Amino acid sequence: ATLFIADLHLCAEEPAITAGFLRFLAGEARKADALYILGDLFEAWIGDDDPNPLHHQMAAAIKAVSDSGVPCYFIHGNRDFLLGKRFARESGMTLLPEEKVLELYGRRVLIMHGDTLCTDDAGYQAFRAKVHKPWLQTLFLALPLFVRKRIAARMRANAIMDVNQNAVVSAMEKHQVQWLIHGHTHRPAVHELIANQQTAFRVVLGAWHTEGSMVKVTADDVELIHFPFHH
């Protein structure tokens, strides 16, 4: 199967989640055709030059997957939009655009983090628009690391709005798909809807905390799977 995960929100303060992720990478992921990480892999990102040991540990673990013959891909989330080409190289991941149609076993599937669908959160969308400006990213990344951390602390100190259903249909009609997989909203579920005047499905991943979750796609099956961290 092809696997999709999102919303791991990895951080030093939550080692149980990291352990769960390492188990997933060392086991489940090795049997996959490909692995797609649809954003919020990390709880925060202020640049690829950050010496946070968790980053290099995760890079090595993800690179082990692609080195074993399982291609890995990443779409940015709202937490980790500054994850860059250096980390992608270190982790063996291919960076994808914010919205991407895959051809999976003949099925067209739209993938994204999901935050672009949450059009009712005006405050979040204003934030997203600003921090996605390349010139501002470049300027931020040019600050001293210690300053970026001070900004981050305040910004992190400074409930996730669910998707707008019209935005969902709009996106699925734009991309001409009957399948959409995303995360962001932390509301794991399978939804049936109508797009392109045909039955359509939206499959939502969950955040990693007590459980992990993944979506498995094969030719004949699409499954949303939750698993507790019980090892």
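One rule holds for the numbers: they count along the sequence shown, beginning at 1.
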Legend entry - 101-109 versus 148-156 - greater average Cα B-factor per the deposited record: 148-156
Legend entry - Between 44-52 and 174-182 (mean CA B-factor, as deposited), the higher: 44-52
Legend entry - Position of residue 71 among the chain's modelled residues by C-alpha B-factor, lowest, middle or highest third: middle
Legend entry - CA B-factor ranking of residue 115, expressed as a third of its chain: lowest
Legend entry - Position of residue 11 among the chain's modelled residues by C-alpha B-factor, lowest, middle or highest third: highest
Inset, instruction - Consider only the C-alpha atoms of the modelled residues in this chain, order them by B-factor as the entry records it, and name the third containing residue 227: lowest, middle or highest. - result: middle
Inset, instruction - State the tercile, meaning the lowest, middle or highest third, of residue 17 with respect to the CA B-factors recorded for its chain. - result: highest
